[PDB]
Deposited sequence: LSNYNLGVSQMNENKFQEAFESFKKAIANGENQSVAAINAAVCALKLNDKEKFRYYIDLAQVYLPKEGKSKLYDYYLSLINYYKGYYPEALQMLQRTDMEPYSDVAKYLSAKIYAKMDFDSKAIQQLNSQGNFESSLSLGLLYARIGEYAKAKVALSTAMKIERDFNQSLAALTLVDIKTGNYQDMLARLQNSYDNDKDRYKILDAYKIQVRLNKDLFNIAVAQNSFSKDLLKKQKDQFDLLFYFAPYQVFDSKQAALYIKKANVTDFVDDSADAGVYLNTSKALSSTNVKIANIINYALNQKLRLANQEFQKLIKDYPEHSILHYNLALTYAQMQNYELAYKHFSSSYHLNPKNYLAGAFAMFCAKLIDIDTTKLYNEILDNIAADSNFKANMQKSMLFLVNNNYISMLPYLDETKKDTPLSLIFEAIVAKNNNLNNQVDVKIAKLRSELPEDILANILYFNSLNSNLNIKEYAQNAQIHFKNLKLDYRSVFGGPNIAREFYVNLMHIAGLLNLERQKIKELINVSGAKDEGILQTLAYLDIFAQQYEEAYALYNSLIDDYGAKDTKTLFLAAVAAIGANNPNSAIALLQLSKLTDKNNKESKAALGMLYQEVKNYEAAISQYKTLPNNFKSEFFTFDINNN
């Protein structure tokens, strides 16, 4: 009934001018000066007049001490500080308001202030402590900001029902599902919201995204945990290590031994595959392959196969060169060709199944074929392949008998025994197997790394780093030519130097070596590019990879994938798309390239092709190389 009461009673009826006039009259009369001033300021702000708002807010303070005895003093002070831009003062003063209808409003304003100043946990707590305002969308967004996606999904799904928060909640939930890895859930959610096709594309247009490299790659603790404890406990690592030490088949070992300079010829060449020119050509290309020159050997095998297209050994050798080069689909192709041209070459079939498992394809028919051919044979002097056949299936008990045999020692045998022993928690004989492996191969990078990781496994991070630094300080390596074999040796050396924090000094050493002279080999350039990628120096890595592609031959899946990684690091989404398409052209079912392509297409705003790549992924896939962040500018 009072002038202030009459003004505020008109003012909630969406009538602003009459209420403002009533507030002016109340202020002139002299009733409830401070609260009338605040309400008059908010009414003036309802219309477009900033000067009057500032004037009335400034005027509100001078009457404040008059209302010094008021149970809502805290709220009035917090509101006055709230409209003046003095936010921390308002937040500090808002927590003392315990009146009945305003406590919830005070907590909501405190949540707003906390959210502005990047204190997400306190904002979530304040919103949860409220039971008057539905804060589902804000809670979901804050949970997504903190990183608790499990509750973010529930909050956003709850908020989706309300009509007003439909589009924003849908877009936020879509991005959260992409981040977590559930793609089919995202597509199913999108399909049930709209019936048209343009409308479904506008949900992805709400927030702009930016592709980024995963932060978990550069974390030393996780790398140490996964390297010193689970080195041989991974299918990809097991297969790569088996490919490295695998032998190269020839016709006659005695003839080939005279054309190879390794001092371990009898351990890397086998003649169990049931012309002199073919023998000498095989020996020459094999010598090229073993002496840290892989690309040239692969090219030579590819060229010479076109001349003689029916030889089970040649297909195996080319497939092995491809497999050690992280080119798995052509490895599958030629391994299967080798096995089909000669069904008594069991190593070829085992490696074919390994390659077919690494890419996504069904290999049950091949497994049954080798099993039938095993059960029907006059002699089975090669039991290693029979034991290896079980590796594709996630079972390891079946190879336990293999650890008790009268055996000739070849590096493949030792590494297989190490894998078998490690995968049955027999963590004691792994060390002796690896020690014998190193004794067999003195001058090898991977053997040295394996022995170091076996001997110094039971330590902390600091002791591991210090020992590693001491060990590699006294170790001399010819960097120019020794990183020129299978890619796993570089990768593991780079990982170990990353653990020890020594890769900056090695980077400087390799640069100096490069700057000493002019044109050189591919191995140093690839090692330096990988080090740059792992040292968070993306521009140099991208330049080096472009030089590799356009100067030497680098049209491989792994090289193009790493070049795309570097380009994404250097903020070049357009080049990353082309590089990833060229990489996927060979390895079609690459689960990591597809997610990156989808994210990049979303960043470039090409939603027609973004859904196409997302439609070809499982409902549980966390990319270990790529992630995305929201671009707010």
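Counting from residue 1 of the deposited sequence, the single stretch lacking C-alpha coordinates in this chain is 275-284.
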